[PDB]
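Fold and contact review
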Amino acid sequence: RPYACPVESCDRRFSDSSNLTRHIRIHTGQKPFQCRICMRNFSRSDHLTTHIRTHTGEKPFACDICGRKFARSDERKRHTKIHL
DNA sequence: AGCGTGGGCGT
DNA sequence: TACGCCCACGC
Ligand SMILES: [Zn+2]
Ligand SMILES: [Zn+2]
Ligand SMILES: [Zn+2]
């Protein structure tokens, strides 16, 4: 890629200066997005969003076959296969 | 099952 | 870069 990981112990390459900025967070341990409910910190805004659904019980993704609801699209994806 | 969490990638 | 999602892992 056009960007690399400067930490000597690590050797990953990143597409751009924010996938690199994002990745660097693993090393800096920065968790800039906090859950106002349990006060837990997260490295990503998208992961905080879905985390919050564990408190509220919001489940936006329903299975096409049986209708069971899930908080994340990947959980639904993992579930749908059971109908085979 | 419940979900943390990194990477690819589109806007 | 920030954001959001899809994906794929991992426990
Ligand atoms: Zn690294
Ligand atoms: Zn929380
Ligand atoms: Zn189903």
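How each quantity is defined
Residues numbered from 1 in each chain as written, not as in the entry; some residues may be left out. Chains lettered and ligands numbered in written order. Heavy atoms only, no water. Near = heavy atom within 4 Å. Polar contact = N/O pair within 3.5 Å; in protein donor to acceptor, adjacent residues only side chain to side chain. Helix = DSSP H or I, 4+ residues; strand = E, 2+ residues; numbered from the N terminus. Nonpolar A, V, L, I, M, F, W, Y, C, P; charged D, E, K, R; others polar. Salt bridge = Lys/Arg side-chain N within 4 Å of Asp/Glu carboxyl O. Buried < 20%, exposed > 50% of the residue type's maximum accessible area, 1.4 Å probe, protein only.

Its PDB header names X-ray crystallography as the technique used to obtain the model and reports a resolution of 1.900 Å.

**Looking at the protein's contact with DNA strand C**
As a matter of local geometry, DNA strand C sits amid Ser 17, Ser 18, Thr 21, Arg 22, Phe 33, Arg 44, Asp 46, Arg 72, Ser 73, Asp 74 and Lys 77. Sugar plus phosphate, as a fraction of atoms of DNA strand C within 4 Å of the protein: 64%. In the environment of DNA strand C, a sugar or linking oxygen lies 2.9 Å from a nitrogen or oxygen atom belonging to the side chain of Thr 21. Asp 74 is positioned such that a nitrogen or oxygen atom in its side chain is 3.4 Å from a base nitrogen of DNA strand C. For the surface near DNA strand C, the secondary structure elements donating two or more residues are α1 (19–28) and α3 (73–80). Examining the composition of the surface near DNA strand C, we find that 3 residues originate from one element, α3, more than from any other. Of the residues in the surface near DNA strand C, the class split is 1 nonpolar, 4 polar and 6 charged.

**What about the pattern of salt bridges?**
In this structure the tally under the stated criterion is 3 salt bridges. Of the charged contacts in the structure, one is a salt bridge between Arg 53 and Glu 58, with a shortest N-O distance of 3.1 Å. Among the ionic pairs, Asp 74 bridges to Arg 72, the shortest N-O distance being 3.0 Å. With a relative accessible area of 35%, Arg 72 lands in the partly exposed category.

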